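Participant: My questions all concern the structure below.
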Amino acid sequence: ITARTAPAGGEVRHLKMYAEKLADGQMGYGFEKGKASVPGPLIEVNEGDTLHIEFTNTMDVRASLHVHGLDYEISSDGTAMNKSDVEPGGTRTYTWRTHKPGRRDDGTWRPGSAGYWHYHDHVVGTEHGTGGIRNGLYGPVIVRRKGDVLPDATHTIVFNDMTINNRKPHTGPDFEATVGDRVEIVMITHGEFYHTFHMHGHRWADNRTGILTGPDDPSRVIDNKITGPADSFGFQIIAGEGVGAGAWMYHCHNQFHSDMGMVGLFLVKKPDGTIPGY
Amino acid sequence: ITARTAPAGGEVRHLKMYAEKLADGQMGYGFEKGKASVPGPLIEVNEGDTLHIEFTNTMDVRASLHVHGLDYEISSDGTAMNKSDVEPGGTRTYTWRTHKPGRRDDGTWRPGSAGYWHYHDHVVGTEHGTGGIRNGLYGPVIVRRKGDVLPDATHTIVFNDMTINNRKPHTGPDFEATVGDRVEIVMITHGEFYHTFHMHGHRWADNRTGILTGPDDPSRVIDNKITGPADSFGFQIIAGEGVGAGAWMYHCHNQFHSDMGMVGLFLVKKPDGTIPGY
Amino acid sequence: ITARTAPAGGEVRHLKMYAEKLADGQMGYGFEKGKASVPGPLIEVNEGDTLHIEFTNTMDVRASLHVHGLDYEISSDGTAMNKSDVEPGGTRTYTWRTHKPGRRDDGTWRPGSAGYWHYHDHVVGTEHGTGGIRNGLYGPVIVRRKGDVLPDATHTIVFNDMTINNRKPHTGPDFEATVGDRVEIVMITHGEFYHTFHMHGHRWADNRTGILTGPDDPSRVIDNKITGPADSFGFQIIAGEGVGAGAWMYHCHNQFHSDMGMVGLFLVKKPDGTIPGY
Ligand SMILES: [Cu+2]
Ligand SMILES: [Cu+2]
Ligand SMILES: [Cu+2]
Ligand SMILES: [Cu+2]
Ligand SMILES: [Cu+2]
Ligand SMILES: [Cu+2]
Ligand SMILES: [Cu+2]
Ligand SMILES: [Cu+2]
Ligand SMILES: [Cu+2]
Ligand SMILES: [Cu+2]
Ligand SMILES: [Cu+2]
Ligand SMILES: [Cu+2]
Ligand SMILES: [O-]
Ligand SMILES: [O-]
Ligand SMILES: [O-]
C-alpha cells in the first residue's frame, strides 16, 4: 500500500473543550474559547488511545458531552441522571477509552472501538439534549484501527432535522477537491427526521470504513444510505474516480427535503483548478 | 469457545398457545391460559427443529399467528386471505419448520433459518393485524445455529409505535444485570413509525448474531440501529464490559420519541449488587 | 454451479429511449415511442460494458435521465445545474460506463459497478425531479458481475410515495411463478416516505445480490427490509422453496401503508398451475 496508514494506538491524549453560546443563538463546541464550530471540532484517535477531555461549560445553562462507540465509565456518560453534566461556568473532565479487538478468555471475539462516531450534548433543552443538539452541540469522532488508510482531507456532513450542518436551506455546505484526492466524509444524522444521503458520481462500501478489504469483502456498494437520528457512518472516495471533474451534487434524496434545501456541492476540480461548466 | 453453544437441531417440538383479551384492554399471547404477556412468550428453537403450535383463540374476534423467517406452508401464514386465521373460541394447529444451510443441487447456497425473528397477529383490526399488533399481539422467536453462543439471559425490547413493550411513556422497561453477564437483546419494531435503537456504554455487530466471527468478520460495529415496522434484530453484550457498572440508558434516539417517553434503563450492578450513584 | 451465470462485460451497447406524457397524466420512459411504462424498461449490463443512450424528450417540459451507481461524466448527470437535461422535443445522448473491481495503484481495492441500481428524472417539477418521479419517470438498472447467477425472470417493485409502481391502492401488482422458479426482485423506493418491504414465506440475504456466497458469507438473512427515497436493492428467491405453493403476500409492513393499499401477491403455482385455496 502506497497510501498512509493509521499507526497502532496506545497514547494518552489530553484535550481542552468548551461549549459557547454563539452570537446567532446557536451553541457550539470548540477547542479554543471564541473558536467554536457547528459541527464542533473533529476528534480523531487510534484504538488503544485514551482521551481526557477537560470540558468547560461557558454557557448560562447546564450542558454535557456524550459520545458514541467509545468506552466510558458511567461518570462520563454525560447525563443528568448520572450526575455527569456540567453546570454553567463549570469544568468537568471526561475520559474516553478505546480498545483493540481480540479474543476473550471464553474464546469469543471482542470488537474493537474503531469506527465513525460522534459526540453531542445530553442535557440542554431536555434530558436527551434535544435543545443542545438542535442548537449545534454535535461533532464527529473517528477511531482508527492500525492499518486504516488515511485520507487527504476529512469533511463532516450532519443532517440535523432538515438542515446540513445547521445551515439555512440551500446554502451548501459546498467543499472542494481535485480529481484524484482521497476524500473522507463523516456523515451524522440528528433530530427527529429520517434521511437518505446520496452523492452523484461516487459510491462507497456500506461497511465500517466505506472501503472493501479486497475481492472477498462481501459488503454491498451503494451511493444512497438511509440514516436515522444519531446514526453515524463514514467513507472515503477518490474524487472524480472514473467520472472526472465537475460540480457533483450531494443531498438527502427525500424529494421533500431536497426541495426544501438539503443540498450541497462536491466541487471536484481539474488539475488547472477548473470545474466543467464554469 | 468456553461458553455454552447451541446444539444441532432436528427435534419435533409441540406448543400450546392462546390469545387472550387482557383486563386492561390489550391483547396478549401466552402458553398457559391466564398467563399472557405483552410481549408474548419467547419461542426458541434450533435449525432443523419443527414446531407444531396448537393455537387457541379465546377472544370474541378473529385472531391469527403470523411468523417471520421460519418455513411455513400457506395454510399457516396466518392470513384471512388464505383462510388460516382462527374464529372466536376456535383452535388451530400452526406448523413452523426450520432448516440448516447447505448447497442446493444447482450449486447455489441455501440460507438456513437461523436468526432473530418474531410472530404477531394478522387479522385483528384489519387484514394486516393493525389492531392485534397495536393491542400487544407480538412476540419474539429465536432460531439458533449449531455453535451459536448461548446467553445468560434474553430480553425483548419492542418499539411498538411510540411505546416500548406497550408500556406507558417513561416507564421502562428496566432490566438488571451484573457486570460480566452475557446479555442477549431481541429488538423488534411494530407499527407505523421509524426508530433508532441506542444503548449507552455498549455496542454490538450489525450482523445476524450481534457478534463478530473473529478477525475477519467485516461486519460493522454500531451502537445505534435504525428500525422500521416488523424489523427484528438481536445481539449479545457483556454487561459493563470495558465501562463498568451503572444505570445505562437505552432509548430510541429520535429526539422527539425519547422526549415523549421511549427510554429504559439497563441497570448493570457491581458484584455487591449496587449501581454507581445510588 | 449448474445454473446460468453472467458473462464478463466489455461490450459497447446502444439504446434509444423516450420520455412520454401518458394519457392518464403520468410520465413514463420507453424504448419505443408509444410503449412507455411505469416502471420504465429494465436496463441490464455487465461490469465493463459501456452504454450510450440516445434519449428523446417527447414532452412539453424539460426532462432528464439520472442514473445511480454507474460511472458517468458530469455532462451526463442529468441535472439542470450541469446543463444535462433535455428541452421539449429535444434529444441528447447520455453515456454510462461500468468497471470491474480491481486493485488500485496505491494497493487499495476499487469496487466494481455491479449492483441493483436505478434511473429517474431530475428536472420535472423541481431541480430534483420531484415531479418526474411522482409521475413515473423511474426504472431499474442491473449491473451483473461475471459469475452472478441469472434468474428465470426479473420483477421490479417500486414503492413510490404510498404506491407500488404508481398503481391505485390495493391493486397489486401481482406476479406469478411456479414452485421452483428462480425469481429476481428489484426493489426501489422513491418519494418522501420510508418503508419496510416484507414478503411472506420467503427470505433473502441483505447483501449485494441477495445470495450467500456460501458457508462463510456473514450477511444476515432477512424477510423485511427498511428503505428510503432512492434506495435500491435486489435479491433472488426460489419460488416456494421449503414452503410450497400459494398466494404469498408482499407488502410494506408499515401498518398504516399496508392498510392504506401497499399490498401485492406473489402467486406461486403448483406444477398443475393451481394456487392452494383457489
Ligand atoms: Cu442518550
Ligand atoms: Cu432528509
Ligand atoms: Cu444521483
Ligand atoms: Cu447520542
Ligand atoms: Cu403480512
Ligand atoms: Cu423512535
Ligand atoms: Cu449514547
Ligand atoms: Cu409481519
Ligand atoms: Cu440528485
Ligand atoms: Cu410503506
Ligand atoms: Cu408477513
Ligand atoms: Cu436519484
Ligand atoms: O439524484
Ligand atoms: O445518546
Ligand atoms: O405481515
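Protein chains in written order, with the deposited numbering: chain A, 37 to 314; chain B, 37 to 314; chain C, 37 to 314.
In this text, a Cβ means the ideal position worked out from N, Cα and C, and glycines have one as well.
Taking only beta-carbon atoms, is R256 of chain C less than 8 Å away from chain B?
Facilitator: yes
Participant: Report whether the distance from the Cβ of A116 of chain A to the nearest heavy atom of ligand 12 is below 7 Å.
Facilitator: No, Cβ of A116 of chain A sits at least 7 Å from all heavy atoms of ligand 12.
Participant: Look up residue 316 of chain A in the DSSP assignment and give the residues it is bridged to.
Facilitator: Residue numbering for chain A in the displayed model covers 37 to 314; residue 316 of chain A lies beyond these limits and cannot be assessed.
Participant: Helix, strand or coil for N260 of chain C per DSSP?
Facilitator: strand
Participant: Report yes if the CB atom of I224 of chain B is closer than 8 Å to the CB atom of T190 of chain B, and no otherwise.
Facilitator: no
Participant: Relative to ligand 10, is the shortest distance from any of its heavy atoms to the C-beta of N290 of chain C smaller than 7 Å?
Facilitator: yes
Participant: Taking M298 of chain A as the reference, which of A:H289, A:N118, A:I79 and A:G76 has the closest Cα?
Facilitator: A:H289
Participant: Taking DSSP as the reference, what is the three-state secondary structure of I169 of chain A?
Facilitator: helix
Participant: Buried or exposed: where does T207 of chain B fall if 16 or more other Cβ atoms within 10 Å of its Cβ makes it buried?
Facilitator: The residue is exposed, with fewer than 16 neighbouring Cβ atoms inside 10 Å.
Participant: Report the residue from B:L87, B:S149 and B:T94 whose alpha carbon sits nearest the alpha carbon of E68 of chain B.
Facilitator: Ranking B:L87, B:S149 and B:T94 by Cα distance to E68 of chain B puts B:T94 first.
Participant: If you measure from the beta carbon of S294 of chain B to each beta carbon in chain A, is any gap under 8 Å?
Facilitator: yes
Participant: Comparing C-alpha positions only, which one of C:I258, C:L248 and C:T263 sits nearest to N260 of chain A?
Facilitator: C:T263
Participant: Helix, strand or coil: which one does DSSP assign to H191 of chain C?
Facilitator: strand
Participant: Return the chain-ordered list of same chain residues with a C-beta closer than 6 Å to the C-beta of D113 of chain A, the five sequence neighbours on each side being excluded.
Facilitator: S120
Participant: Along the chain, where does the alpha helix (DSSP H) that runs through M285 of chain B open and close?
Facilitator: Premise fails: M285 of chain B lies in the beta strand (DSSP E), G282 to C288, not in any alpha helix (DSSP H).
Participant: Within 10 angstroms of its Cβ, does residue 315 of chain C collect 16 or more other Cβ (buried), or is it exposed?
Facilitator: Outside the displayed range of chain C (37 to 314) lies residue 315 of chain C, so it cannot be described from this structure.
Participant: Would you kindly report the start and end of the unbroken alpha helix (DSSP H) that includes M296 of chain A?
Facilitator: Looking at the DSSP string, the run of the alpha helix (DSSP H) that includes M296 of chain A is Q291 to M296.
Participant: Quick check on the DSSP output: the beta strand (DSSP E) that includes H234 of chain C runs from which residue to which?
Facilitator: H234 of chain C -> beta strand (DSSP E) spans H231 to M235.
Participant: Shorter than 7 Å, the distance from the beta carbon of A266 of chain A to the closest heavy atom of ligand 14, or not?
Facilitator: Yes, the beta carbon of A266 of chain A sits closer than 7 Å to at least one heavy atom of ligand 14.
Participant: When you compare the CB of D259 of chain A with every CB in chain C, is at least one pair closer than 8 Å?
Facilitator: Closer than 8 Å: yes.
Participant: In the segment 107-128 of chain C, which residues sit with their C-beta less than 7 Å from some C-beta in chain A, listed in chain order?
Facilitator: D107, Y108, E109, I110, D113, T115, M117, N118 and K119
Participant: Among C:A44, C:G45, C:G61 and C:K52, which has the Cα closest to the Cα of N202 of chain C?
Facilitator: Here the closest residue by C-alpha is C:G61.
Participant: Have a look at the DSSP bridge pairing and note the partners of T129 of chain A.
Facilitator: A:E90
Participant: Anything in chain B within Cβ reach of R239 of chain C, meaning under 8 Å, just list it in chain order.
Facilitator: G105 and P147
Participant: Using a Cβ-Cβ cut-off of less than 9 Å, give me the residues of the segment 214-243 of chain A that come near chain C, in sequence order.
Facilitator: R218, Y230, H231, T232, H234, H236, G237, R239, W240 and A241
Participant: Is it the case that the Cβ atoms of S268 of chain A and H154 of chain A are separated by a distance below 8 Å?
Facilitator: yes
Participant: Quick one: residues in its chain with C-beta nearer than 6 Å to the C-beta of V279 of chain A, no 5 flanking neighbours on either side, listed in chain order?
Facilitator: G237
Participant: So the candidates are B:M117, B:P187, B:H104 and B:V304; which of them puts its Cα closest to the Cα of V159 of chain B?
Facilitator: B:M117
Participant: Could you give the distance in angstroms between the alpha-carbon of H231 of chain C and the alpha-carbon of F195 of chain C?
Facilitator: 8 Å
Participant: If you draw a straight line from the alpha carbon of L101 of chain A to that of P265 of chain C, how long is it in whole angstroms?
Facilitator: 33 Å
Participant: Please list the terminal residues of the continuous beta strand (DSSP E) segment that includes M63 of chain A.
Facilitator: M63 to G66
Participant: How far does the beta strand (DSSP E) with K182 of chain B in it reach, from first residue to last?
Facilitator: Looking at the DSSP string, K182 of chain B is not in any beta strand (DSSP E), and its letter there is neither H nor E.
Participant: Less than 7 Å between the CB of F269 of chain A and some heavy atom of ligand 2, yes or no?
Facilitator: no
Participant: If you measure from each CB to the nearest heavy atom of ligand 7 and keep those under 6 Å, what residues do you get, in chain order?
Facilitator: A:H102, A:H104, B:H234 and B:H236
Participant: Considering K52 of chain B, what are the terminal residues of the beta strand (DSSP E) in which it resides?
Facilitator: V48 to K57
Participant: How should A59 of chain B be labelled, buried or exposed, when 16 other C-beta atoms within 10 angstroms of its C-beta is the threshold for buried?
Facilitator: exposed
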